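Peer 1: Protein chains in written order, with this note's numbering: chain F, 373 to 798; chain W, 373 to 798; chain L, 7 to 434; chain Y, 7 to 434.
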Ligand SMILES: Nc1nc2c(ncn2[C@@H]2O[C@H](COP(=O)(O)CP(=O)(O)OP(=O)(O)O)[C@@H](O)[C@H]2O)c(=O)[nH]1
Ligand SMILES: Nc1nc2c(ncn2[C@@H]2O[C@H](COP(=O)(O)CP(=O)(O)OP(=O)(O)O)[C@@H](O)[C@H]2O)c(=O)[nH]1
Ligand SMILES: Nc1nc2c(ncn2[C@@H]2O[C@H](COP(=O)(O)OP(=O)(O)OP(=O)(O)O)[C@@H](O)[C@H]2O)c(=O)[nH]1
Ligand SMILES: Nc1nc2c(ncn2[C@@H]2O[C@H](COP(=O)(O)OP(=O)(O)OP(=O)(O)O)[C@@H](O)[C@H]2O)c(=O)[nH]1
Ligand SMILES: [Mg+2]
Ligand SMILES: [Mg+2]
Ligand SMILES: [Mg+2]
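Now the structure itself:
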């Protein structure tokens, strides 16, 4: 039942920082690693994410990896740096320069072999691995490059374990580097063959959530990465705590993947609104389902209603009735049937567990698999072709040794994914 | 059973300040929000206007809104500022300049969206809304502009809830701004379609009450707004406390509106006389009915006897017999039958409840719906046409983007209302 | 909701001197910058020193040096004290271009610095004369650039109107007319004030034998703070600068409200007198208290706004308005029905130590858009005609590069302006 | 992951002077070597003294003596201060061979000493001019030997591009062209910088009346540390020198990325200004902030890399990139799809005491491979042609043993280079 988490790149490092913060909050673990919880259940499945160290202290089953010391140090300096063991800090000293070729192909590979040995050590300490979780960017050098190398090696060693990853998706309004589409394309190409699932979160959408719904004037990554961590913890709540339905991630994978190559997901979250209105809220399941269905509360920058749904997973936290949840989610499909694909009767599946998030009575996490997602791939592939056709900046990757066909084939596979969404779309 | 109150503009802010003061007095709520009442009944329906905060403290279900910080701050600085939560202070920083176009059409709209979210929050906290109450001016920029925007959005969201508003009506002797008729016309145009009822109170008449009957040499708004609050609290006394007849505002609406578009009311009040004579008073129902019928005790600047009554509502507070009240009010109709419209046998309806106003043994609130009201609309429409014909100052509204036809149509609807009063008049 | 004050020329700077002195008096600011307490006009440094958000420009060092030698020089940041080396010789040609063009870029960047310091700039106010060089010409240049980068921010201008009595330049009409056009092109609201009317008030209501600019500036400065400080501080009915735009300008061109102010009474005459809200506002509708030489009874009203300080109740204002409507002779134009806007603060009027006016418990500022302003324009047009008929002194501008047609043009634009006021006054 | 800095000529040494001063400032290094705290550039002795891993060579004692008399002479090891006795007379013939050949063996062995001191040398960076003698000619000689013994280590070169304005040698084109060829033969990446563009930035963005080399060097030095120190210190997205090779050079010949840097703003103009990640990167794509005299809008992009210091979030960068793609006029060549690489450190930008730039919270270095570089080459080709047409001054090289065909040859090689940039720019 255990999961090994790996943080790659600043994105990975900071999002994961928030993730581990939250998970320790879930179990009553203080920043020193000491358990001071509230419930027995907090310990009962603590093993998924922690090792019990002498003295009832816990160590997160996760590896922090990068090519820049400063980042790693900044994470270690904060709360929760203390909970991590020195053994999990693997890093170099010179970033990749946002170059997948430097991260994946050359330099990052040098660290990856030591990372893998630590991975192996941890998998050996585990009783039974459930899977692996990676947090990284789709556009960065170690996040997409190094991280994808690591993934190919882990899946190789553990074919039946669940490989999932959470990753930051480029947007026209975000884009930092000109070769960001190049890095994305190359990573996608690999991820589509080497993962079981990946979550596509876009900072653009996250900013909109922060202002529009959360009423923040200054969205920061500290809060943006908070929202991601909410969804990341949501997916293993049932795994960690008793409940009624679908606790296992594999069960979820079975119900969420109709076709081997379409494994990209749209996370969302409810309740997600500022405090000002919270005094007028009345959470009910219909209320949570209204917010989860609404595209504005999606973390992915994509409106599902533009495409069609293949699968929907909803995970509920806190004590709700079976009827209420199952009736209401059925009703979502009933009322919005035009946005679902007719192949699957009962497209909405639910998971329900008995432990609510600290501070809320109830909560719900949304995982969608809709053909609308192809739009995100269009943004990347399009931008790519413009660069690629002229070979602008290509020399920086050819300097590493990358072949034009390596990129060409990478594009090809991206085009395949879009076409497959279209084949299922309609 | 709950009501959300919103204070818009200085008028709204100050009248509402007195209103909430009174309502807390009604229930034994001190300025801190703590309950120290006298009766169980004070708590029994406290929910209409309050939320129970931890520690038996109550928070008024109402939002304070303006474009000028100073006003808002002055309200908050007084007693009862403490009872309000920070969440209900919504404001900008630059008034509208008395321009409906700035309040309704442009600037005020920017705040209205945040106001509405707070409204929604509060309506969610409520068990069942009965309705909404707004307090504002008919001539000001946020009072008539912003407030009417807010109303169109609230009614949109809650079609079956009672929308009522209390508002200050311009008079030849009061008029401050040259475009006050312009603001009034535009607000009227909207209010006639978007509210269920509005009370028309004129400061002129209020000043006359203060001197003539109350023997005050210096009428101040502090006292003038007191008189308004008396009538505002009167209409929900039965709602809040047990009684015998007509507690519900909707019931009153049903009995007071014979035609969808004629929903303007003439409030009045008894007993209303200075202390000097109070030692010679002997309140009886005939005494209260004498004062309530008498036009001099009306808060609206309009004498009903110049027109004809469509409906009369009288609300009685304190322990009076059924006979006394029903005989005497019947007798009013009997004795003054020439001022009532023959369509409705039994034009006078009564409400009677068992809880008197603090300090009085008995009290009565008068709500009239007489065709005489058209005179107030004549004052506005006339003044309007003089300005409008020459387009004096119009450029200030056209600067915002208002169309001459927007005003033209607004006038048209005012003319319709007068003609409808005439159609019913006789 | 912050602002910037720009002072150009001696007229702008000397007025500004009183303005910032007044702001110090309003909030207990020491000359050293230390103040224990106005953030709209000041920013604070980590030392607890506050700095006036303003820029002072004078093409001749002289006046700026005066500032630099005064007590408030410790308040002002050195970068805000900008000077040239030669004046414009009372001449727009130099002010606007030949000389001023060489400094203006410095000025604008210091403005930008302040613009970046502000978080939510509502706008800015500029002080200058119509007849000077730097004050008129340079000012024109300045507004051309400010409307480019700021655009939409409030452009309030306070301009001194040349009096027939005081006249310090023979080509003042020419200077003024050139300026006017550009203010029409880029300001949002222009307030012109006549020192000769002010003197009349000072000699009769303040009872001052011999008014000087220092006394005149005190009066004006207080009026300006009654418009702005009073908005910043909050009161009952706060009225933003954007509302003034919305409410005071009916058409893009009619942006010339005039100011009248009361109580303007000496301490000695104030004893014994107590003015009600209504009484002060009655003083505000008297021509004798008007700060511009024109006749309010002659013209018609289009817009009027009354701002109140201290002890005022809305009800009393309501009564006062009725009185103005009924008493008066306030012929409002059909185009605007009823146009009276009311702003009421709680902040009490302040008194300058060593002042000339009584301490008052309530004060009223009257802003108004009236057709009488055309009168003043007519006077300037005539004066221009005389000078231009002969073409006396024309070489002082032409020799600096100006075009004859430029002068013709500007006059014509003013004629159009006056005609537009006529048109609006025509009831329809 | 260590490196060596090689400074040749006054251009290389004086730039180096600021570079090591900056490194001292980055880590709190005292002139005496004492430092309590950069091991990539310094080694430590048992005394706790740190020694710059660098070699300073000047064929004329003069400049080295300047170093020897400065405060940092206690930092530098005497063996690292190498000098000849006569300059190259601005002439490659002497720099590369006649004179320089007599010292170069010393130099190389001191380099070896440092190479043996390093444990994991990533590579080295060299500073020099294109037009000098020692700086160009000697440099050529040096690179010939370094590629023999080190080979594969990073060969970064920073070359000063002769400006049309500043020209200090009539045979600069000849010197430069000879050099160029050899840098094509042995460098991995050459960065040429034009002092004339830099001056333009200093006079407009730093507002400096009179720039000198000392100010110019400060700017460059900071850029260089933003590339290297920033890699050594670790951040979020660390980017190694090998990744730059891999990502910036599409073909063996196109090794000439140019640098642009922002924020380059004076303290006075920085007040009030706050630049976001996106805004700074917008400044980085402006030609006006380009450190090389060419037009980025004219050429096309092939590779671009943005390095960040201080307060930067990947998300903001992502947005900035989208903006560049959409705003711009960044015509990227088909040959490279999308080529933008991003490196993000946490290390904040540093400030030199007595500096000329504002303290900044985030800083951006832009490296880019663009076809506009050909422009500069065209200018040099033309100049050569003129001199070579007459064969003026040719005897100063020929008399030192150079062959006519050698000059023809080198020019031709540059022509080929420019043509190769053309070809890559041709979309396919
Ligand atoms: N009975 C009362 N009438 C008032 C009061 N204050 C104002 N008014 C009346 O209301 C109208 C003027 O409006 P306000 O103060 O409410 C304007 P408001 O602040 O809503 O908007 P702005 O245009 O942004 O200032 C006018 O008929 C005044 O005469 C009050 O306290 N009591
Ligand atoms: N929601 C978030 N996205 C981030 C964050 N930091 C970066 N990013 C995003 O990730 C991508 C840039 O990547 P990084 O910081 O992760 C690069 P990384 O450090 O993995 O590799 P290098 O190339 O060696 O620097 C980009 O889309 C940024 O915009 C973060 O904290 N939160
Ligand atoms: N109210 C007031 N008016 C002033 C003051 N100083 C000057 N004025 C008036 O403004 C005009 C004078 O402008 P000048 O001082 O000649 O010139 P300037 O506008 O400062 O610029 P230059 O011509 O270049 O010196 C005259 O009409 C004066 O009556 C002052 O302190 N207060
Ligand atoms: N940025 C910068 N450029 C410099 C500096 N010193 C010189 N240069 C430039 O580099 C070139 C000068 O090279 P020189 O100083 O003549 O010669 P050298 O390269 O040191 O070698 P020799 O000719 O043998 O003395 C000119 O183009 C100068 O503009 C400096 O400190 N900073
Ligand atoms: Mg002057
Ligand atoms: Mg107001
Ligand atoms: Mg030299």
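Quick reminder that beta carbons are idealized off the backbone N, C-alpha and C, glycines included.
1. Considering only the beta carbon of each residue, do residue 602 (chain F) and residue 394 (chain F) sit closer than 9 Å?
2. So residue 492 (chain W) contacts chain F; which residues on that side make the cut at Cβ distance below 8 Å?
3. Please tell me whether, using a cut-off of 8 Å, the distance from the CB of residue 237 (chain Y) to the nearest non-hydrogen atom of ligand 6 is below it.
4. Looking at residue 256 (chain Y): is its Cβ nearer than 9 Å to the Cβ of residue 341 (chain Y)?
5. Do the stretch 484-491 of chain W and the stretch 722-733 of chain W make contact, defined as three or more Cβ pairs closer than 8 Å?
6. Do residue 88 (chain L) and residue 112 (chain L) have their CB atoms nearer than 9 Å?
7. Taking 9 Å as the CB-CB limit, is residue 498 (chain W) close to chain F?
8. Any heavy atom of ligand 2 closer than 8 Å to the Cβ of residue 562 (chain F)?
9. Is residue 579 (chain F) close to chain Y, meaning its C-beta is less than 9 Å from at least one C-beta of that chain?
10. Counting only beta-carbon separations shorter than 9 Å, does residue 155 (chain L) have a partner in chain Y?
11. Start and end of the alpha helix (DSSP H) containing residue 628 (chain W)?
12. Closer than 9 Å, Cβ to Cβ, to anything on chain Y: give me those residues from the stretch 437-451 of chain F, in chain order.
13. Which of helix, strand or coil does DSSP assign to residue 310 (chain L)?
14. Taking just the CA atoms, how far does residue 693 (chain W) sit from residue 716 (chain W)?
15. Where does residue 507 (chain F) sit, in a helix, a strand or coil, going by DSSP?
16. Cutting at 6 Å between CB atoms, please list the residues of its own chain near residue 657 (chain F), excluding the five before and the five after it.
17. Can residue 805 (chain F) and residue 443 (chain F) be called in contact, C-beta distance under 9 Å?
18. Are any of the Cβ atoms in chain F nearer than 9 Å to that of residue 423 (chain W)?
19. Where does residue 634 (chain W) sit, in a helix, a strand or coil, going by DSSP?
20. Answer yes or no: the CB of residue 65 (chain Y) versus the heavy atoms of ligand 7, is any distance below 8 Å?
21. So which residues on chain W does residue 240 (chain L) lean against when the C-beta distance must stay under 8 Å?
22. Name the chain W residues that come within less than 7 Å of residue 436 (chain L), Cβ to Cβ?
23. Would you mind working out which of W:643, W:690, W:651, W:683 sits nearest residue 668 (chain W), comparing C-alpha positions?
24. What are the start and end residues of the alpha helix (DSSP H) that includes residue 759 (chain W)?
25. With a threshold of 9 Å between beta-carbons, can residue 562 (chain W) be considered close to chain L, or not?
26. Please confirm whether residue 601 (chain W) has its beta-carbon closer than 9 Å to some beta-carbon of chain L.
27. I'd like to check one pair, residue 294 (chain Y) with residue 210 (chain Y): are the Cβ atoms closer than 9 Å?
28. Using C-beta distances below 6 Å, list every residue in its chain close to residue 549 (chain W), excluding the 5 sequence neighbours before and after it, in chain order.
29. With a threshold of 16 other CB atoms inside 10 Å of the CB of residue 512 (chain F), please say whether the residue is buried or exposed.
30. Hey, is residue 93 (chain L) close to ligand 5, as in C-beta under 8 Å from one of its heavy atoms?
Peer 2: The answer reads as follows:
1. The residue given as residue 602 (chain F) occupies position 230 in the first chain. The residue given as residue 394 (chain F) occupies position 22 in the first chain. A contact, by the Cβ cut-off of 9 Å.
2. Here residue 492 (chain W) refers to the residue found at position 120 when the second chain is read from its first residue. 649, 652, listed in chain order.
3. Residue mapping note: residue 237 (chain Y) aligns to position 231 of the fourth chain, counting from 1. No, the Cβ of residue 237 (chain Y) stays beyond 8 Å of every heavy atom of ligand 6.
4. Residue 256 (chain Y) sits at position 250 when you count from the first residue of the fourth chain. Residue 341 (chain Y) sits at position 335 when you count from the first residue of the fourth chain. For residue 256 (chain Y) and residue 341 (chain Y), yes; Cβs fall inside 9 Å.
5. no
6. Residue 88 (chain L) sits at position 82 when you count from the first residue of the third chain. Residue 112 (chain L) sits at position 106 when you count from the first residue of the third chain. Their beta carbons are under 9 Å apart, which means residue 88 (chain L) touches residue 112 (chain L) by this criterion.
7. In the second chain, counting from the first residue as 1, residue 498 (chain W) sits at position 126. By this cut-off, residue 498 (chain W) is an interface position.
8. Indexing the first chain from 1 puts residue 562 (chain F) at position 190. Answer for residue 562 (chain F): no, Cβ out of range of ligand 2.
9. Locating residue 579 (chain F) in the first chain gives position 207, counting from the first residue. It does; some Cβ of chain Y falls within 9 Å.
10. Here the question's residue 155 (chain L) lines up with position 149 in the third chain. No, no contact with chain Y.
11. By 1-based counting over the second chain, the position of residue 628 (chain W) is 256. That run of the alpha helix (DSSP H) goes 621-628.
12. 438, 439, 440, 441, 442, 443, 444, 445, 446
13. As a position in the third chain, residue 310 (chain L) is number 304, starting the count at 1. Of the three classes helix, strand and coil, the one that applies to residue 310 (chain L) here is strand, per DSSP.
14. Here residue 716 (chain W) refers to the residue found at position 344 of the second chain. Here residue 693 (chain W) refers to the residue found at position 321 of the second chain. So the alpha carbons of these two residues sit roughly 25 Å apart.
15. For the purposes of this step, residue 507 (chain F) is identified with residue 135 of the first chain, where counting begins at 1. The answer is strand: DSSP assigns residue 507 (chain F) an E or B state.
16. Within the first chain, residue 657 (chain F) is the residue found at index 285, counting from 1. Taken in chain order, the residues that qualify are 692, 696, 697, 700.
17. This structure cannot settle anything about residue 805 (chain F), because the visible part of chain F is limited to 373 through 798.
18. As a position in the second chain, residue 423 (chain W) is number 51, starting the count at 1. Yes, residue 423 (chain W) counts as interfacial toward chain F.
19. Within the second chain, numbered from 1, the residue matching residue 634 (chain W) stands at position 262. Coil at residue 634 (chain W), not helix or strand.
20. Taking the first residue of the fourth chain as 1, we reach residue 65 (chain Y) at position 59. Residue 65 (chain Y) Cβ: within cutoff of ligand 7.
21. To locate residue 240 (chain L), count along the third chain from 1; it is residue 234. By Cβ distance, chain W contributes 440, 441, 442, 443, 444, 445, 446.
22. The shown model of chain L, from 7 to 434, leaves out residue 436 (chain L), and the question about it has no answer.
23. Here residue 668 (chain W) is taken as the residue at index 296 of the second chain, counted from 1. Answer by Cα proximity: W:643.
24. On the second chain, residue 759 (chain W) is found 387 positions in, with the first residue counted as 1. Here the alpha helix (DSSP H) through residue 759 (chain W) covers 746-762.
25. If you number the second chain from 1, residue 562 (chain W) lands on position 190. Output row for residue 562 (chain W): interface = no.
26. Locating residue 601 (chain W) in the second chain gives position 229, where the first residue counts as 1. No, residue 601 (chain W) lies away from the interface with chain L (no Cβ there is under 9 Å from its Cβ).
27. Here residue 210 (chain Y) refers to the residue found at position 204 when the fourth chain is read from its first residue. Here residue 294 (chain Y) refers to the residue found at position 288 when the fourth chain is read from its first residue. Cβ atoms of residue 210 (chain Y) and residue 294 (chain Y): closer than 9 Å.
28. Position 177 of the second chain, counting from 1, holds the residue named residue 549 (chain W). Here the set comprises 470.
29. Taking the first chain and counting its residues from 1, one reaches residue 512 (chain F) at position 140. Buried.
30. If you number the third chain from 1, residue 93 (chain L) lands on position 87. Within the cutoff, so yes.
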